[PDB]
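Engineer: What follows is the file entry_30.txt, containing compact mmCIF, C-alpha atoms and all ligand atoms:
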```txt
# COMPACT_ATOMS: atom_id res chain seq x y z
CA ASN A 53 -25.39 -25.28 -16.54
CA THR A 54 -23.69 -23.16 -13.88
CA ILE A 55 -24.32 -19.94 -11.95
CA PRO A 56 -21.80 -17.19 -12.78
CA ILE A 57 -20.30 -15.17 -9.92
CA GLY A 58 -17.91 -12.37 -10.83
CA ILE A 59 -14.58 -11.96 -9.14
CA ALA A 60 -13.06 -8.51 -9.69
CA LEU A 61 -9.70 -8.32 -7.93
CA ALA A 62 -6.20 -6.98 -8.56
CA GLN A 63 -4.41 -9.73 -10.45
CA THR A 64 -1.94 -7.32 -12.00
CA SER A 65 -0.06 -4.21 -10.78
CA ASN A 66 1.51 -3.69 -7.34
CA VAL A 67 -1.99 -3.98 -5.93
CA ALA A 68 -1.83 -7.67 -6.86
CA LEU A 69 0.54 -8.06 -3.90
CA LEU A 70 -2.69 -7.76 -1.93
CA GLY A 71 -5.04 -9.27 -4.52
CA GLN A 72 -3.03 -12.51 -4.78
CA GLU A 73 -4.21 -13.87 -1.43
CA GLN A 74 -7.80 -13.01 -2.28
CA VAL A 75 -7.77 -14.87 -5.59
CA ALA A 76 -6.34 -17.85 -3.68
CA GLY A 77 -9.17 -17.74 -1.13
CA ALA A 78 -11.80 -17.40 -3.85
CA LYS A 79 -10.48 -20.46 -5.70
CA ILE A 80 -10.48 -22.52 -2.50
CA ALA A 81 -14.11 -21.47 -1.93
CA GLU A 82 -15.10 -22.46 -5.47
CA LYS A 83 -13.80 -26.00 -4.99
CA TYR A 84 -15.17 -26.24 -1.44
CA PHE A 85 -18.70 -25.25 -2.37
CA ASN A 86 -18.86 -27.08 -5.69
CA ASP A 87 -17.67 -30.27 -3.98
CA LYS A 88 -20.74 -29.82 -1.77
CA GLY A 89 -22.99 -29.62 -4.82
CA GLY A 90 -22.84 -25.89 -5.47
CA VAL A 91 -26.31 -24.33 -5.31
CA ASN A 92 -28.67 -27.26 -4.68
CA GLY A 93 -26.90 -29.31 -7.32
CA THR A 94 -26.02 -26.51 -9.75
CA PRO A 95 -22.30 -25.65 -9.72
CA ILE A 96 -21.16 -22.09 -9.40
CA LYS A 97 -18.58 -20.75 -11.80
CA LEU A 98 -16.26 -17.97 -10.71
CA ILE A 99 -15.50 -15.60 -13.55
CA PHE A 100 -12.34 -13.60 -12.91
CA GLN A 101 -11.85 -10.15 -14.41
CA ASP A 102 -8.65 -8.37 -13.45
CA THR A 103 -9.15 -4.81 -12.15
CA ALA A 104 -5.47 -3.91 -12.34
CA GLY A 105 -4.47 -1.24 -9.84
CA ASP A 106 -6.61 1.81 -10.58
CA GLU A 107 -10.21 3.04 -10.74
CA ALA A 108 -10.64 2.84 -14.53
CA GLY A 109 -9.53 -0.79 -14.50
CA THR A 110 -12.06 -1.65 -11.80
CA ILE A 111 -14.88 0.14 -13.60
CA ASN A 112 -13.97 -1.78 -16.77
CA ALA A 113 -13.86 -5.07 -14.87
CA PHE A 114 -17.27 -4.48 -13.25
CA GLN A 115 -18.86 -3.47 -16.56
CA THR A 116 -17.43 -6.55 -18.30
CA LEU A 117 -18.70 -8.85 -15.54
CA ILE A 118 -22.14 -7.23 -15.54
CA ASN A 119 -22.67 -6.93 -19.29
CA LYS A 120 -20.61 -9.63 -20.98
CA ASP A 121 -20.31 -12.31 -18.30
CA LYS A 122 -23.86 -11.76 -17.01
CA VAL A 123 -22.80 -12.47 -13.41
CA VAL A 124 -25.41 -12.71 -10.66
CA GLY A 125 -23.14 -10.74 -8.33
CA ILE A 126 -19.59 -9.48 -7.84
CA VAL A 127 -16.92 -10.15 -5.24
CA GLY A 128 -14.47 -7.24 -5.17
CA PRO A 129 -12.68 -5.00 -5.61
CA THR A 130 -9.37 -5.26 -3.75
CA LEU A 131 -8.98 -1.63 -2.63
CA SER A 132 -11.41 0.80 -1.02
CA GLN A 133 -9.88 3.38 -3.36
CA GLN A 134 -11.23 1.32 -6.26
CA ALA A 135 -14.57 0.55 -4.58
CA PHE A 136 -15.54 4.20 -4.12
CA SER A 137 -15.27 4.75 -7.90
CA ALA A 138 -16.55 1.44 -9.24
CA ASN A 139 -19.18 0.23 -6.76
CA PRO A 140 -21.61 2.98 -7.81
CA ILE A 141 -21.57 1.37 -11.29
CA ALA A 142 -22.90 -1.86 -9.80
CA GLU A 143 -25.30 0.02 -7.53
CA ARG A 144 -26.85 1.83 -10.48
CA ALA A 145 -27.01 -1.46 -12.42
CA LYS A 146 -28.67 -3.25 -9.47
CA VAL A 147 -25.94 -5.87 -9.24
CA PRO A 148 -24.81 -6.93 -5.78
CA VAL A 149 -21.22 -6.38 -4.74
CA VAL A 150 -19.67 -8.01 -1.70
CA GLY A 151 -16.36 -6.45 -0.72
CA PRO A 152 -13.92 -8.96 0.72
CA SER A 153 -11.37 -6.56 2.22
CA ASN A 154 -12.49 -2.92 1.70
CA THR A 155 -12.23 -1.43 5.18
CA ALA A 156 -12.46 2.34 4.63
CA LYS A 157 -15.26 4.22 6.36
CA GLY A 158 -18.30 4.60 4.10
CA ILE A 159 -18.15 1.54 1.85
CA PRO A 160 -21.56 -0.06 2.68
CA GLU A 161 -23.09 3.43 2.55
CA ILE A 162 -22.31 3.55 -1.18
CA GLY A 163 -25.68 1.93 -1.79
CA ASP A 164 -28.26 -0.79 -1.28
CA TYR A 165 -26.32 -3.28 -3.44
CA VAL A 166 -23.01 -2.82 -1.62
CA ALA A 167 -22.09 -5.07 1.31
CA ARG A 168 -18.74 -6.17 2.75
CA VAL A 169 -17.52 -9.05 4.88
CA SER A 170 -14.47 -7.09 6.02
CA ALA A 171 -14.71 -5.26 9.35
CA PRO A 172 -13.77 -1.58 8.94
CA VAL A 173 -10.75 0.34 10.22
CA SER A 174 -12.62 1.72 13.23
CA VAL A 175 -13.02 -1.76 14.73
CA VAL A 176 -9.81 -3.47 13.58
CA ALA A 177 -7.06 -0.87 13.93
CA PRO A 178 -7.24 0.15 17.62
CA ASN A 179 -6.36 -3.36 18.82
CA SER A 180 -2.87 -3.10 17.37
CA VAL A 181 -2.17 0.08 19.36
CA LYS A 182 -3.34 -1.66 22.53
CA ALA A 183 -1.13 -4.64 21.72
CA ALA A 184 1.89 -2.36 21.26
CA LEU A 185 1.27 -0.77 24.64
CA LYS A 186 1.03 -4.22 26.20
CA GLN A 187 4.45 -5.18 24.81
CA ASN A 188 5.93 -1.82 25.84
CA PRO A 189 3.93 0.00 28.53
CA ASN A 190 6.47 2.85 28.44
CA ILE A 191 5.57 4.03 24.92
CA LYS A 192 4.90 7.79 25.05
CA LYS A 193 5.74 9.36 21.68
CA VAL A 194 4.11 8.18 18.46
CA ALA A 195 4.97 8.99 14.85
CA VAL A 196 2.29 8.29 12.27
CA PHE A 197 2.77 7.81 8.49
CA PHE A 198 0.08 7.48 5.84
CA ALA A 199 -0.41 7.22 2.08
CA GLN A 200 -2.32 10.38 1.28
CA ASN A 201 -3.35 9.20 -2.20
CA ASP A 202 -5.19 6.11 -0.92
CA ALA A 203 -8.76 6.24 0.45
CA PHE A 204 -8.35 3.39 2.90
CA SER A 205 -5.01 4.71 4.20
CA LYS A 206 -6.59 8.10 4.92
CA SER A 207 -9.50 6.43 6.71
CA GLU A 208 -7.21 4.11 8.69
CA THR A 209 -4.80 6.83 9.76
CA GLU A 210 -7.65 8.90 11.23
CA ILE A 211 -8.57 5.93 13.43
CA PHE A 212 -4.93 5.36 14.39
CA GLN A 213 -4.47 9.05 15.25
CA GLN A 214 -7.59 9.17 17.41
CA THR A 215 -6.56 5.96 19.16
CA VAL A 216 -3.14 7.42 19.92
CA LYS A 217 -4.83 10.47 21.45
CA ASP A 218 -7.34 8.40 23.42
CA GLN A 219 -4.58 6.22 24.86
CA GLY A 220 -3.02 9.40 26.24
CA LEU A 221 0.05 9.27 24.00
CA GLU A 222 1.88 12.14 22.32
CA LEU A 223 1.44 12.37 18.57
CA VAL A 224 4.82 13.86 17.67
CA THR A 225 4.32 13.90 13.90
CA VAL A 226 2.12 12.86 11.03
CA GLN A 227 4.08 12.22 7.83
CA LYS A 228 2.56 11.77 4.37
CA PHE A 229 3.70 9.67 1.41
CA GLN A 230 2.31 8.20 -1.83
CA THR A 231 1.66 4.48 -2.37
CA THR A 232 3.84 4.74 -5.46
CA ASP A 233 6.81 6.08 -3.46
CA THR A 234 9.79 3.78 -2.92
CA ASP A 235 11.95 6.28 -1.04
CA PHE A 236 11.04 7.71 2.35
CA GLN A 237 14.32 9.07 3.66
CA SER A 238 13.01 12.58 4.39
CA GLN A 239 9.84 11.49 6.20
CA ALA A 240 11.61 8.70 8.08
CA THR A 241 14.40 11.01 9.22
CA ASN A 242 11.89 13.70 10.22
CA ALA A 243 10.13 11.17 12.44
CA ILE A 244 13.30 9.60 13.84
CA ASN A 245 14.61 13.01 14.90
CA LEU A 246 11.57 13.30 17.17
CA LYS A 247 12.49 10.12 19.08
CA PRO A 248 9.21 8.19 18.81
CA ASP A 249 8.68 5.02 20.83
CA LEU A 250 6.09 3.79 18.34
CA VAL A 251 5.65 4.22 14.59
CA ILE A 252 2.34 3.54 12.87
CA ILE A 253 2.17 3.09 9.07
CA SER A 254 -0.98 3.19 6.93
CA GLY A 255 -0.08 2.33 3.36
CA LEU A 256 -0.20 -0.62 0.99
CA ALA A 257 2.23 -3.53 0.67
CA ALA A 258 5.22 -2.44 -1.43
CA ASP A 259 5.26 1.08 -0.01
CA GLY A 260 4.66 -0.06 3.57
CA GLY A 261 7.41 -2.65 3.38
CA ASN A 262 9.87 -0.19 1.88
CA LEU A 263 9.12 2.34 4.61
CA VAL A 264 9.55 -0.25 7.40
CA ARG A 265 12.92 -1.29 5.97
CA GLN A 266 14.14 2.29 5.62
CA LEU A 267 13.06 3.24 9.14
CA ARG A 268 15.19 0.37 10.43
CA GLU A 269 18.10 1.21 8.11
CA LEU A 270 18.05 4.76 9.48
CA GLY A 271 18.40 3.46 13.04
CA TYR A 272 14.86 3.45 14.39
CA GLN A 273 14.68 0.80 17.13
CA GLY A 274 11.18 1.32 18.53
CA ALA A 275 7.88 -0.47 17.96
CA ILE A 276 6.12 -0.53 14.58
CA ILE A 277 2.46 -1.09 13.77
CA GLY A 278 1.44 -1.74 10.19
CA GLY A 279 -2.09 -1.20 8.95
CA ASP A 280 -4.19 -3.57 6.87
CA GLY A 281 -2.31 -2.66 3.70
CA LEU A 282 0.84 -4.29 5.05
CA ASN A 283 -1.08 -7.42 6.07
CA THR A 284 0.53 -9.87 3.67
CA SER A 285 3.61 -12.08 3.63
CA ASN A 286 4.36 -10.26 0.38
CA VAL A 287 5.92 -7.56 2.57
CA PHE A 288 8.54 -10.09 3.75
CA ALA A 289 10.50 -9.85 0.49
CA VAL A 290 10.61 -6.08 0.84
CA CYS A 291 11.75 -5.46 4.40
CA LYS A 292 13.31 -8.92 4.81
CA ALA A 293 14.85 -9.40 8.27
CA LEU A 294 13.86 -5.82 9.06
CA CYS A 295 10.14 -6.71 8.96
CA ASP A 296 10.65 -8.43 12.30
CA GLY A 297 8.41 -7.26 15.13
CA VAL A 298 5.82 -5.36 13.09
CA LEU A 299 2.37 -5.59 14.71
CA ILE A 300 -0.62 -5.97 12.40
CA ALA A 301 -4.22 -6.31 13.55
CA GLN A 302 -6.24 -9.22 12.13
CA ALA A 303 -9.92 -9.83 11.39
CA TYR A 304 -9.29 -13.56 11.04
CA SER A 305 -7.58 -16.30 13.05
CA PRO A 306 -6.67 -19.72 11.64
CA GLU A 307 -7.15 -21.13 15.15
CA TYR A 308 -10.87 -20.27 15.16
CA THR A 309 -12.76 -23.53 15.70
CA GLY A 310 -15.76 -23.16 13.39
CA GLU A 311 -16.13 -26.29 11.29
CA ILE A 312 -15.79 -24.48 7.97
CA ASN A 313 -12.63 -22.69 9.12
CA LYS A 314 -11.15 -26.06 10.04
CA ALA A 315 -11.91 -27.30 6.53
CA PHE A 316 -10.77 -24.03 4.93
CA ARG A 317 -7.60 -23.96 7.03
CA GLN A 318 -6.75 -27.58 6.26
CA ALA A 319 -7.37 -27.01 2.54
CA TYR A 320 -5.17 -23.92 2.62
CA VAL A 321 -2.40 -25.39 4.78
CA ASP A 322 -2.17 -28.56 2.70
CA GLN A 323 -1.69 -26.51 -0.48
CA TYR A 324 0.34 -23.47 0.57
CA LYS A 325 2.32 -24.96 3.50
CA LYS A 326 1.43 -22.05 5.78
CA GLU A 327 -1.52 -20.71 7.76
CA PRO A 328 -4.31 -19.04 5.77
CA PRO A 329 -3.88 -15.27 5.77
CA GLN A 330 -6.72 -12.87 6.48
CA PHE A 331 -7.25 -11.79 2.85
CA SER A 332 -7.69 -15.40 1.73
CA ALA A 333 -10.24 -16.10 4.46
CA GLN A 334 -12.14 -12.91 3.70
CA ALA A 335 -12.36 -13.73 -0.01
CA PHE A 336 -13.57 -17.25 0.86
CA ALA A 337 -16.21 -15.72 3.13
CA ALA A 338 -17.44 -13.43 0.35
CA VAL A 339 -17.95 -16.37 -2.02
CA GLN A 340 -19.61 -18.29 0.83
CA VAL A 341 -22.12 -15.48 1.31
CA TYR A 342 -23.10 -15.75 -2.36
CA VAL A 343 -23.32 -19.57 -2.37
CA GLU A 344 -25.43 -19.82 0.79
CA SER A 345 -27.65 -16.94 -0.29
CA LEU A 346 -28.16 -18.52 -3.71
CA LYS A 347 -29.10 -21.77 -1.97
CA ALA A 348 -31.60 -20.02 0.31
CA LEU A 349 -33.09 -18.06 -2.59
CA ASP A 350 -33.24 -21.11 -4.86
CA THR A 351 -35.09 -23.07 -2.19
CA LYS A 352 -37.80 -20.37 -1.99
CA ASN A 353 -37.78 -19.31 -5.64
CA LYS A 354 -36.04 -21.58 -8.15
CA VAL A 355 -33.26 -19.46 -9.62
CA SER A 356 -33.09 -21.25 -12.99
CA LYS A 357 -36.46 -19.65 -13.76
CA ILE A 358 -35.70 -16.11 -12.55
CA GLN A 359 -34.59 -13.63 -15.19
CA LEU A 360 -31.21 -12.04 -14.53
CA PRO A 361 -32.26 -8.57 -13.39
CA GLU A 362 -34.72 -9.98 -10.85
CA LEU A 363 -32.22 -12.68 -9.84
CA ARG A 364 -29.65 -10.02 -8.99
CA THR A 365 -32.16 -8.01 -6.98
CA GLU A 366 -33.49 -11.03 -5.08
CA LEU A 367 -29.97 -12.32 -4.42
CA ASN A 368 -28.98 -8.94 -3.00
CA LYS A 369 -32.09 -8.88 -0.84
CA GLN A 370 -31.44 -12.44 0.33
CA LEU A 371 -27.75 -12.07 1.19
CA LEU A 372 -28.43 -9.09 3.42
CA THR A 373 -30.70 -11.23 5.62
CA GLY A 374 -28.37 -14.19 6.01
CA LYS A 375 -26.37 -15.49 8.94
CA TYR A 376 -23.12 -17.20 7.93
CA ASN A 377 -20.71 -19.47 9.79
CA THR A 378 -17.55 -18.49 7.95
CA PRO A 379 -13.80 -18.75 8.48
CA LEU A 380 -14.11 -15.23 9.92
CA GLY A 381 -16.52 -16.55 12.54
CA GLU A 382 -20.29 -16.12 12.68
CA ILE A 383 -21.15 -13.06 10.64
CA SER A 384 -24.20 -11.25 9.32
CA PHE A 385 -25.07 -7.85 7.87
CA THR A 386 -26.67 -4.65 9.09
CA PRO A 387 -29.54 -3.31 6.96
CA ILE A 388 -27.01 -1.27 4.91
CA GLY A 389 -24.56 -4.10 4.26
CA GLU A 390 -22.06 -3.50 7.03
CA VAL A 391 -20.56 -6.67 8.46
CA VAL A 392 -21.44 -7.83 11.96
CA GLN A 393 -18.36 -9.60 13.38
CA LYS A 394 -17.36 -10.21 16.99
CA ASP A 395 -13.75 -11.35 17.17
CA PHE A 396 -10.51 -9.58 16.32
CA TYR A 397 -6.84 -10.30 16.88
CA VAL A 398 -3.33 -8.96 16.53
CA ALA A 399 -0.41 -10.77 14.93
CA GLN A 400 3.30 -9.96 14.92
CA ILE A 401 5.72 -10.56 12.07
CA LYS A 402 8.46 -12.99 13.10
CA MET A 403 11.33 -13.15 10.63
CA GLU A 404 14.09 -15.70 10.46
CA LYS A 405 17.44 -14.01 11.18
CA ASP A 406 18.50 -14.67 7.59
CA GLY A 407 15.44 -12.72 6.42
CA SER A 408 14.44 -15.12 3.67
CA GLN A 409 11.42 -16.47 5.56
CA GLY A 410 8.90 -15.36 8.16
CA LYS A 411 5.45 -15.87 9.62
CA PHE A 412 2.64 -14.07 11.39
CA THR A 413 2.58 -15.00 15.05
CA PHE A 414 -0.77 -14.45 16.70
CA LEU A 415 -0.71 -12.78 20.08
CA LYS A 416 -2.63 -14.54 22.82
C1 LIG A 501 -6.74 -6.66 0.07
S1 LIG A 501 -5.95 -5.09 0.36
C2 LIG A 501 -7.21 -4.22 1.30
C3 LIG A 501 -6.63 -2.97 1.93
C4 LIG A 501 -7.60 -2.14 2.76
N1 LIG A 501 -8.35 -2.98 3.69
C5 LIG A 501 -8.55 -1.37 1.86
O1 LIG A 501 -9.72 -1.19 2.22
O2 LIG A 501 -8.21 -0.92 0.76
MG MG A 502 -24.96 -1.12 1.41
```
Can you dump the structure from the file as C-alpha cells?
Ligand code: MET
Ligand SMILES: [Mg+2]
Structural biologist:
Amino acid sequence: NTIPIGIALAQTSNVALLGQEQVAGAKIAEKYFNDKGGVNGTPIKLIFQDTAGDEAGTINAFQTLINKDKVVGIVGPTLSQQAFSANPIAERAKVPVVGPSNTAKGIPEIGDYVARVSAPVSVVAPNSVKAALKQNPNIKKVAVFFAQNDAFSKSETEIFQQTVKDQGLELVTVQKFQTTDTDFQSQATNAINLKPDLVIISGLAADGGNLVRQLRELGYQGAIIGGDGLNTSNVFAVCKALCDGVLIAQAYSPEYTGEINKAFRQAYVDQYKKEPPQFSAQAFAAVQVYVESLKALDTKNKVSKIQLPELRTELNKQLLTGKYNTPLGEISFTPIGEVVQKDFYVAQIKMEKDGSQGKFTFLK
C-alpha cells in the first residue's frame, strides 16, 4: 500500500525545457523521502501525468490525476499560464495543488486549495536589476522585452519595468514577442537603435535563448537580465557562447547549509555532475511539503482510515500550517497559500569560449 501524489508537469512540448528540471527534482524527492520510510512507514508513490504545453493539456492532466489516479494532492503545473486555467479545476474538486515554480501575481489567490513554494516575481526579479547596476553603475538606458502571450511573462515584466523606474533609469522601449517566436530581428534592432545599456527579457526558455543570441548577433554589447523563464541550462544550447554574462535571479542556492539541502545537493550533484538548479530544488520542496504534511496529519488522524475527499481536505488544511526546512531554506505559508521565504540570490551565466558548456555562477 502506498499514498498517491500527483505530479502534473510539462514532460512534452517546448515547455518541457523548463519541466525537465522539475521532474528531476520530484524523482529525487521520492527516493529521499521513501528511503526515510515515506509517511510513517507507508511509501508515497508519485504518479506523473504530462500536461504538455497548453491549458487543455493541464486540465486533462489534473482531471486524470484527480479522477483516475485518485491522488491525495497535486504538484504542478509548470507554467503560471497553465495554473490560471487548470488550478480552478482542483479548487472546485477540493484537491490541494502545490505549485513548484508558478511565480505570476495572483496564483495563491486562485483559491483555498492552491499554494506555491515558489516566491513570486515581485520578490525575486528586482534583485537582478540591482545586481546589474552593481556590475555596471553607469547603466542609464534600459530596453525591456516580454512574451505578451504568457501570463507569468506579463506579470514579471511589470515588476521589471517598475524596478527600472524606481532605480531612476530610463525605460527607452518595451518590445513584445510571442513565446512561440524564433525570430526577433525587428524588436532587437528597434531596441539596439536606442542604445540601451541594459536589456531585460521576460520569456520562456527557447524564445528567451533565441532572443539573447540574436541581440548579440546584431551587435548589442550591453548587460542582459533574463527572467525566471530563462532560468535553465537548457538555454545554453540555444544562445551557446552568446549566453555569457546573462544575469538571472534565483530563489535557491546550492550553497545553503540546511541539512536537507546538503543531502539534496549531494544526491543531485552525484547524479547530474552539476549543481542543482532552482527548478529541481523547488519541485523537491513541493513534494517535501506533501510528505511532511501527510506525516503530521497521519500522526493526528491515521490517513489509512480517512476517505479520500476528507483526506484531501485535511491534507490541504495541514500543509498550510506547516513549517518546512527545505532546500529553498526555511519556508511556510500565509493563510492563502503564498510562500514565506527569506533568502534570494542572483546568478550569472558563464559560458566556455567554445560555447558547448556553461554554468550558473552565483554572485556573492
Ligand atoms: C518551471 S518554468 C516557471 C516559469 C515561471 N516562474 C512561471 O510562473 O510560469
Ligand atoms: Mg490559496
Engineer: 7 Å from ligand LIG 501 (chain A) is the threshold here; counting only C-alpha atoms and all ligand atoms, which polymer residues fall inside it? Answer as a PyMOL selection string.
Structural biologist: chain A and resi 70-71+74+130-133+153-156+204+256+280-281+331
Engineer: Would you list the residues that come within 12 Å of ligand MG 502 (chain A)? Count only C-alpha atoms and all ligand atoms and give the answer as a count of residues only.
Structural biologist: 33
Engineer: What does the structure give for the distance between CA of residue 199 (chain A) and CA of residue 255 (chain A), in Å to one decimal?
Structural biologist: 5.1 Å
Engineer: Counting all atoms listed in the file, what is within 9 Å of region 206-210 of chain A, bar same-chain residues fewer than 3 positions away, as JSON, numbers by chain?
Structural biologist: {"A": [155, 156, 157, 172, 173, 174, 177, 196, 197, 198, 199, 200, 201, 202, 203, 213, 214, 215, 252, 253, 254, 255, 279, 280]}
Engineer: So, with all atoms listed in the file as the atoms that count, which of A:274, A:178, A:310, A:261 lies closest to residue 193 (chain A)?
Structural biologist: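 The answer is A:274, which sits nearest to residue 193 (chain A).
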Engineer: Calculate how many Å separate CA of residue 86 (chain A) from CA of residue 110 (chain A), rounding to one decimal.
Structural biologist: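 It comes out at 27.0 Å.
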Engineer: Counting all atoms listed in the file, select every polymer residue within 7 Å of (3.3, -14.1, 11.4) as defined in the file's coordinates, and provide the selection as a PyMOL selection string.
Structural biologist: chain A and resi 399-402+410-414
Engineer: Pick from A:231, A:408, A:356, A:318: nearest to residue 294 (chain A), with all atoms listed in the file counted?
Structural biologist: A:408
Engineer: Which residue, A:347, A:120, A:375, A:364, has the smallest gap to residue 88 (chain A) when you use all atoms listed in the file?
Structural biologist: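 Checking each of A:347, A:120, A:375, A:364 against residue 88 (chain A), counting all atoms listed in the file, the winner is A:347.
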Engineer: Could you give me region 84-107 of chain A completed to N, CA and C atoms, formatted as a tab-separated table (two decimals), in the coordinates of the input?
Structural biologist:
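Output (part28.tsv):
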```
chain	number	residue	atom	x	y	z
A	84	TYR	N	-14.47	-25.84	-2.65
A	84	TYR	CA	-15.17	-26.24	-1.44
A	84	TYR	C	-16.68	-26.32	-1.65
A	85	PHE	N	-17.25	-25.28	-2.23
A	85	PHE	CA	-18.70	-25.25	-2.37
A	85	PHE	C	-19.20	-26.11	-3.52
A	86	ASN	N	-18.45	-26.19	-4.61
A	86	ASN	CA	-18.86	-27.08	-5.69
A	86	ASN	C	-18.75	-28.55	-5.31
A	87	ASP	N	-17.77	-28.89	-4.47
A	87	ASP	CA	-17.67	-30.27	-3.98
A	87	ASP	C	-18.85	-30.63	-3.07
A	88	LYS	N	-19.54	-29.61	-2.58
A	88	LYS	CA	-20.74	-29.82	-1.77
A	88	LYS	C	-22.01	-29.67	-2.60
A	89	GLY	N	-21.86	-29.66	-3.92
A	89	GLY	CA	-22.99	-29.62	-4.82
A	89	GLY	C	-23.38	-28.24	-5.31
A	90	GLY	N	-22.57	-27.23	-5.00
A	90	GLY	CA	-22.84	-25.89	-5.47
A	90	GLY	C	-24.14	-25.33	-4.88
A	91	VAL	N	-25.02	-24.84	-5.75
A	91	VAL	CA	-26.31	-24.33	-5.31
A	91	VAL	C	-27.39	-25.38	-5.58
A	92	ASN	N	-27.67	-26.19	-4.56
A	92	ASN	CA	-28.67	-27.26	-4.68
A	92	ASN	C	-28.47	-28.14	-5.90
A	93	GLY	N	-27.21	-28.44	-6.20
A	93	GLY	CA	-26.90	-29.31	-7.32
A	93	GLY	C	-26.28	-28.59	-8.51
A	94	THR	N	-26.54	-27.29	-8.63
A	94	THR	CA	-26.02	-26.51	-9.75
A	94	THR	C	-24.68	-25.89	-9.35
A	95	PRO	N	-23.60	-26.24	-10.07
A	95	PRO	CA	-22.30	-25.65	-9.72
A	95	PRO	C	-22.28	-24.15	-9.92
A	96	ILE	N	-21.49	-23.46	-9.10
A	96	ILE	CA	-21.16	-22.09	-9.40
A	96	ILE	C	-19.95	-22.07	-10.32
A	97	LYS	N	-19.77	-20.95	-11.01
A	97	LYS	CA	-18.58	-20.75	-11.80
A	97	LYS	C	-18.06	-19.36	-11.50
A	98	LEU	N	-16.86	-19.27	-10.94
A	98	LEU	CA	-16.26	-17.97	-10.71
A	98	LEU	C	-15.67	-17.45	-12.00
A	99	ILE	N	-16.04	-16.23	-12.36
A	99	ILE	CA	-15.50	-15.60	-13.55
A	99	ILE	C	-14.62	-14.45	-13.10
A	100	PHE	N	-13.32	-14.59	-13.35
A	100	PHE	CA	-12.34	-13.60	-12.91
A	100	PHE	C	-12.13	-12.54	-13.97
A	101	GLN	N	-12.25	-11.27	-13.56
A	101	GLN	CA	-11.85	-10.15	-14.41
A	101	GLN	C	-10.92	-9.26	-13.63
A	102	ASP	N	-9.69	-9.16	-14.10
A	102	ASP	CA	-8.65	-8.37	-13.45
A	102	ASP	C	-9.03	-6.89	-13.44
A	103	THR	N	-8.89	-6.24	-12.29
A	103	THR	CA	-9.15	-4.81	-12.15
A	103	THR	C	-7.91	-3.96	-12.40
A	104	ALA	N	-6.75	-4.61	-12.44
A	104	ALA	CA	-5.47	-3.91	-12.34
A	104	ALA	C	-5.47	-3.06	-11.07
A	105	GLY	N	-4.72	-1.96	-11.07
A	105	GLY	CA	-4.47	-1.24	-9.84
A	105	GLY	C	-5.16	0.09	-9.67
A	106	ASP	N	-5.98	0.49	-10.64
A	106	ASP	CA	-6.61	1.81	-10.58
A	106	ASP	C	-8.14	1.77	-10.63
A	107	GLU	N	-8.75	2.95	-10.73
A	107	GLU	CA	-10.21	3.04	-10.74
A	107	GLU	C	-10.78	2.63	-12.09
```
